[PDB]
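Lettering of chains follows the sequences in order, A, B, ..., and the numbering in each one begins at 1. Both backbone and side-chain heavy atoms feed into the values below; hydrogens, waters and symmetry mates do not.
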Amino acid sequence: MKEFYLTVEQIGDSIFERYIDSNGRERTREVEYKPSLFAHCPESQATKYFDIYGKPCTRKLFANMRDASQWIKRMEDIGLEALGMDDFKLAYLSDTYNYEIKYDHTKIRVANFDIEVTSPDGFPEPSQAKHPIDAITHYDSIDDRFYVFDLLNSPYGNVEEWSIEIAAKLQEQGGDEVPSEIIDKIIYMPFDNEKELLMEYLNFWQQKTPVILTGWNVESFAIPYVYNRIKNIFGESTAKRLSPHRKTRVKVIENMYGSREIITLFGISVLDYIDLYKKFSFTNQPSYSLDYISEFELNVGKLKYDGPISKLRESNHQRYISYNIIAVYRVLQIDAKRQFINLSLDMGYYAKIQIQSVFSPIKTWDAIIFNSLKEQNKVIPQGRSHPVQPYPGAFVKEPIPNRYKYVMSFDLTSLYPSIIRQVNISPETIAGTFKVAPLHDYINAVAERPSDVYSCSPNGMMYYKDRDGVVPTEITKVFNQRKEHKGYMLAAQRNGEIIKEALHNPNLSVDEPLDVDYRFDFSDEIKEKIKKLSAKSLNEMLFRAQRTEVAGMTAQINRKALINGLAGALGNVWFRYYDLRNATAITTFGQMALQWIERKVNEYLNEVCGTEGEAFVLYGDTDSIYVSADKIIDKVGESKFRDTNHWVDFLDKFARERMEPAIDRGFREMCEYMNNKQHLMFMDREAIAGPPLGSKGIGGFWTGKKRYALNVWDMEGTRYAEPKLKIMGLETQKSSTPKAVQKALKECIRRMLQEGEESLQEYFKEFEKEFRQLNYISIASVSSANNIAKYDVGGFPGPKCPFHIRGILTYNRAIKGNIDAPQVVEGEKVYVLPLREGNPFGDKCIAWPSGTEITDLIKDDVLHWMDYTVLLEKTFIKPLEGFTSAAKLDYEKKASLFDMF
DNA sequence: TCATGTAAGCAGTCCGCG
DNA sequence: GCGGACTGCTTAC
Ligand SMILES: Nc1ncnc2c1ncn2[C@H]1C[C@H](O)[C@@H](COP(=O)(O)OP(=O)(O)OP(=O)(O)O)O1
Ligand SMILES: [Ca+2]
Ligand SMILES: [Ca+2]
Ligand SMILES: [Ca+2]
Ligand SMILES: [Ca+2]
Ligand SMILES: [Ca+2]
């Protein structure tokens, strides 16, 4: 097999590399890597190395990496550019793996671990590590085993061995319900003292040294705790055995309001799953407790135990250990679904970076571009200092707030990357500038044509047309990967809808789910077999289809994020290719493109309808337009349609056969106007929206920019079994809105769009009457909690104290003098409830850590004093009033003449 | 919240507005 | 009481 790296590090003048050799074995080597850098040279000096602008360079080979870094410093002192890859391990990888890396995940040791620490005096701080580690569960992907290290004897209690037999049993048998599928994979090791536990753990770690290390909050808790505990007990040298090269660094992570400390383990790639989830999931959750996320992702119940976690080991050690094991497994289950480890390996090996660098699009693109240029013997420019400067972004149309009955949307494929490719925007393709007219002059095609030689953006920039820039070349490759995975995702989505349709008529039989590839549209034969299947088999197929769709989503949306990140990186001062001329060239072209096509679409539809100056495009944001289809439907007449699917088909055909060709014509004209390199503005129909045929539903409404709701029947070629609400920006979509209120507002919207005013009024009246019965957590608002200390003046709110911070201060006074009470953590999320006048907490609100029940001491008082009236007005009535006013509807029935009867 | 970008919405504070 | 200046937070793209 072809060799591939696992990890790479620079340690002084040595590269330390762990890798898989040509025989599939894990090896480690130390290489005295001699790096090269470059200086500009005279044209008279023969060279094969050129900078990205075509200027010749001489290669300077250094005796060692320290000599190279010192030379960079002297070049700065002289005032001359030091060219080339200054991150020497990236240069090392580029030299050692000069080919497309084909990796074998089965040879990569991925470790998932979690530790338990009993602490009677509050949260066990990793920097202090003053409490015994009393459990470790460490799953190894190569062995496919859960290694459980269990401390039986502690200063906080001596306990009996954990029983795998009790662990396997149902909760109703007094067991822990450790999943049957992992029972045989547990290797259980009890210890009579912590020192022997940790020594054996370190010997185990040496034998099975993680390449990828993950788990939940491992970077902020488990790793620093283990390192510091071992350091406290045995000394520094023993703790450094967590590094395969015996090197570690206490790294300071700095944010906007303070800093924290993590441990860098050289020769390991730490991918904390919480960080993977936050970057790659495209959710924003009210809580990031593993219990909350597992419930959301997997629909598994909360891990239930009695009393505080600080007493769980002594009261129920059996459950304590079982829950530690289950916690490790839940992360594996989440990854089986989301496939973020797979994604990270894919992206890391593609770029030729340390795997943990996938968190940084700037590092990722620096490496991709470096490797691309190196292939052509080209030499990358030195990174420079730049001041942070604001620059303009996208255009968003101000919509007229209203109901909109029939709506068809259109969207540009991968807009910013397509602009880069179309215009040929790159550091080395800049050709010059032209005199800019106001943007509206280009939008309306009255400005002088910018250039008859170069490819242009309406910000004034011109680009070469003779050859593709490196940025267009490399962005195209990732775009093409993204396109492939999106195809799989949408096929799985369409396949899911076939199964949902079939589930209306399930067969009374005992059978099995079909062995099919959900990434490809079901054949006619498969469709015929599905129509004969039982509900049990259909539901299992639906689950598998939906899991295939999730895998495709992960692969596609994050490749989209990477390419959109390149466009953004051009406007970040730390990017080697930072250039506000290129950043603005993209965004300004986008503004023109959207408004140009708005004009073209309006012109086209006014022509086909025989009107003048009427606005068909009701809204647009960045790269999408929303077109009113009322007149198109009315031109045939609603009574002519058999059912909802009939007018959906009609609009689908109209958009494809009439509108898309007109849109294409309009964009081809724009491409010629700007003299662009290649026409890549591909705007396709996105959504078809409207009320059910014959109903009193309103179909859709807008309240303002980035705030709308649509009843969608078909999305990007997926014809839904049941209509789906597309809601953007409204309170139903915000993590700050109480869970039960999101639910109620969604139903209000569903009723407005699908059923009408009377239906909405019925539901409102019921919700208002019954809502006080809702569980307090379900009606609590949520907020991130920053700068608690800044607004704290002797335990009371200082000037301009935010409402949620006021709540935290109230909580802190209520729990004061109790080391055991859950503390609110700076920068994390809190639940927030309003409090009625004259409550014993002495303020108008209270807040506590999100994802948790409020502590028993004050729970009863919170429940008694919760201000239901305020909660309802703020989270429910105020937003509903916004929706209904925009839609010209009433959520409460107005008085009429019929009342007199 | 260490980690690519901008536009823009709503909650809430403070305070003007005769 | 609503709106502007401002902070804080959160989405849409
Ligand atoms: N996270 C982001 N970072 C930077 N720019 C972004 C981000 N999201 C969106 N944009 C910008 C660049 C996009 O090309 C443009 C339009 O976004 P959007 O319509 O979501 O997707 P897209 O057009 O890039 O891809 P798609 O092919 O899925 O439509 O907005
Ligand atoms: Ca735990
Ligand atoms: Ca798009
Ligand atoms: Ca699309
Ligand atoms: Ca059937
Ligand atoms: Ca869009």
Side-chain angles (χ1 to χ4, degrees), chain A residues 219-220 251-262 272 274-276 278-280 282-284 286 288 356-366 388-398 411-412 414-416 560-575 577-578 580 582-584 586-588 590-591 594 619-624 703-708 726-737 781-787 790-791 797-807 825-830 832 834 844-845 874-875 878-879 882:
Chain A
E219 201 182 64
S220 58
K251 191 193 181 177
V252 54
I253 298 299
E254 295 182 31
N255 57 62
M256 206 145 62
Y257 315 101
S259 70
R260 57 187 189 94
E261 291 183 344
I262 72 166
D272 194 331
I274 194 169
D275 296 325
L276 292 174
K278 287 174 180 181
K279 186 180 173 44
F280 294 137
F282 290 84
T283 69
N284 193 20
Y288 289 89
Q356 67 270 31
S357 288
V358 301
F359 289 113
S360 169
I362 288 169
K363 183 59 77 165
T364 303
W365 281 112
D366 198 41
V388 176
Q389 291 189 282
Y391 69 97
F395 172 79
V396 186
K397 181 179 175 68
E398 188 78 66
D411 167 70
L412 284 145
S414 199
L415 183 63
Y416 282 17
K560 164 179 171 177
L562 181 63
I563 56 176
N564 285 349
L566 180 48
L570 294 165
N572 177 288
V573 298
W574 301 103
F575 192 41
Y577 311 99
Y578 172 79
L580 233 46
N582 289 345
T584 309
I586 298 162
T587 63
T588 309
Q591 287 216 18
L594 184 65
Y619 184 68
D621 182 343
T622 308
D623 71 322
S624 71
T703 82
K705 291 179 183 182
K706 298 179 188 288
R707 287 182 63 85
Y708 61 92
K726 178 180 176 55
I727 303 165
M728 310 305 315
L730 310 187
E731 281 74 7
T732 54
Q733 308 313 110
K734 296 159 67 75
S735 65
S736 48
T737 301
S781 298
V782 181
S783 191
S784 294
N786 303 300
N787 285 287
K790 177 198 262 194
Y791 294 103
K800 296 162 190 164
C801 183
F803 188 85
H804 61 288
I805 303 303
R806 178 180 291 272
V825 180
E826 167 69 25
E828 300 205 332
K829 290 193 185 174
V830 293
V832 190
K844 58 172 177 183
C845 64
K874 276 156 47 161
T875 66
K878 207 179 165 192

Measure the distance from CD1 on A:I274 to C1' on B:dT1 and round it to the nearest whole Å. 11 Å
As an exercise, state the distance from NZ of A:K706 to OG1 of A:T622, rounded to the nearest 0.5 Å. 5.0 Å
Checking A:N787 now: which residues fulfil side-chain contact (heavy atoms from CB on, under 4.5 Å) with it, not counting sequence neighbours? A:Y257, A:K790, A:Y791
Return the value, rounded to whole Å, for the distance between atom CH2 of A:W365 and atom P of B:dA3. 20 Å
Where the sugar of C:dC6 falls when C1'-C2'-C3'-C4' decides north versus south: north
Pick base, sugar-phosphate or nothing for A:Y391, based on heavy-atom distances below 4.0 Å to the nucleic acid. sugar-phosphate
Specify the separation, in whole Å, of atom CZ of A:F395 and atom P of C:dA12. 19 Å
Any donor-acceptor N/O pair, A:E828 side chain to A:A785 backbone, under 3.5 Å: no
Interatomic distance, A:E398 CD vs B:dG9 P [rounded to whole Å]: 6 Å
Check every strand shown and say whether A:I253 touches a base, only sugar-phosphate, or nothing at a heavy-atom separation below 4.0 Å. base
Specify the residue among A:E826 and A:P392 whose closest nucleotide of DNA chain B lies further upstream toward the 5′ end. A:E826
Taking atom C1' in both C:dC6 and B:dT4, what distance in whole Å separates the two? 28 Å
Exam field: side chain A:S259 to backbone A:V252, donor-acceptor pair closer than 3.5 Å: no
Sequence-distant partners of A:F359, ring pair (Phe, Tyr, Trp, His ring centres under 6.0 Å), two or more places apart: none
Of all residues at least two apart in sequence or in a different chain, which pass the ring pair (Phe, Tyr, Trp, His ring centres under 6.0 Å) check with A:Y577? A:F575
List for me each residue that meets side chain to side chain donor-acceptor pair (under 3.5 Å) alongside A:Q356, sequence neighbours excluded, and say none if there are none. A:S269
Could you check A:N787 against A:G729 and say which one's nearest nucleotide on DNA chain C is further toward the 5' end? A:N787
With sugar-phosphate meaning primed atoms plus P, OP1 and OP2, does A:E828 contact a base, only sugar-phosphate, or nothing at under 4.0 Å between heavy atoms? nothing
A:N255 side chain N/O closer than 4.0 Å to the phosphate oxygens (OP1, OP2) of B:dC2? yes
Here the distance between atom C1' of B:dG5 and atom CG of A:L562, to the nearest Å, is 14 Å
Rounded to whole angstrom units, what separation is found between the CH2 atom of A:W574 and the P atom of B:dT4? 11 Å
Side chain A:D272, main chain A:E219, donor-acceptor under 3.5 Å: yes
Taking any heavy-atom pair under 4.0 Å as a contact, classify A:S784: base, sugar-phosphate, or nothing. base
Taking the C1' atom in each of C:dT7 and B:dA3, what is the distance between them to the nearest angstrom? 25 Å
In this structure, how many angstroms lie between the P atom of B:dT4 and the CD1 atom of A:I362, rounded? 4 Å
Would you tabulate the pairs of protein nitrogen or oxygen atoms and nucleotide nitrogen or oxygen atoms of nucleotides 10-12 of chain B closer than 3.5 angstrom?
{"from": "B:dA11", "atom 1": "OP2", "to": "A:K878", "atom 2": "NZ", "distance (Å)": "2.9"}
{"from": "B:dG12", "atom 1": "OP1", "to": "A:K874", "atom 2": "NZ", "distance (Å)": "2.8"}

So, is A:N786 close to the C:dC9 phosphate, meaning a side-chain N or O under 4.0 Å from OP1 or OP2? yes
So, is A:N572 near the phosphate of B:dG5, with a side-chain N or O under 4.0 Å from OP1 or OP2? yes
When you check the sign of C1'-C2'-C3'-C4' for B:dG12, do you get north or south? south
Reckon A:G704 touches a base, only the sugar-phosphate, or nothing at all at heavy-atom distances under 4.0 Å? nothing
What is the nucleic acid contact for A:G393, judged by heavy atoms within less than 4.0 Å: base, sugar-phosphate only, or nothing? sugar-phosphate
Quick one: which of B:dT13, C:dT10, B:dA3 gets closest to the side chain of A:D275? B:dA3
Note: for A:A561 and A:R806 on DNA chain B, the residue whose nearest nucleotide lies more 5' is A:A561
Partners meeting salt bridge (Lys or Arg N to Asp or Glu O under 4.0 Å) with A:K397 (sequence neighbours left out): A:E598
Give A:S735 one of three labels, base, sugar-phosphate or nothing, depending on what nucleic acid heavy atoms sit under 4.0 Å from its own. sugar-phosphate
Below 4.0 Å: OP1/OP2 of B:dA8 and any side-chain N or O of A:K705: yes
Only counting residues at least two apart or in another chain, list the ones meeting salt bridge (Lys or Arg N to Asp or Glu O under 4.0 Å) with A:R260. none
Proximal nucleotide (of B:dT13, B:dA3, B:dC2) relative to the A:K251 side chain: B:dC2
Can you name the ring pair (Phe, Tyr, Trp, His ring centres under 6.0 Å) partners of A:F803, sequence neighbours left out? none
Quick one: the side chain of A:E219 and the base of B:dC2, do they pair up donor-acceptor inside 3.5 Å? yes
Five pairs per end, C1' atoms only: what is the angle between the end axes of the helix from B:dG5-C:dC13 to B:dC17-C:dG1, to 10 degrees? 30°
Can you tell if the side chain of A:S781 reaches within under 4.5 Å of the side chain of A:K874, non-hydrogen atoms only? no
Provide, to the nearest angstrom, the distance between the CE atom belonging to A:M728 and the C1' atom belonging to C:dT10. 13 Å
Does A:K363 have any salt bridge (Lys or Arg N to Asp or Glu O under 4.0 Å) partners at least two apart in sequence or in another chain, and if so, which? A:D87
Residue-phosphate contact under 4.0 Å: A:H804 side-chain N/O, C:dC9 OP1/OP2: yes
Check the interface with nucleotides 2-7 of chain C: list each N/O to N/O pair with the protein under 3.5 Å, or write none.
{"from": "C:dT7", "atom 1": "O3'", "to": "A:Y791", "atom 2": "OH", "distance (Å)": "3.4"}

Based on whether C1'-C2'-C3'-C4' is positive or negative, which pucker family does B:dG9 belong to? north
All side chain to side chain donor-acceptor pair (under 3.5 Å) counterparts of A:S414, not counting sequence neighbours: none
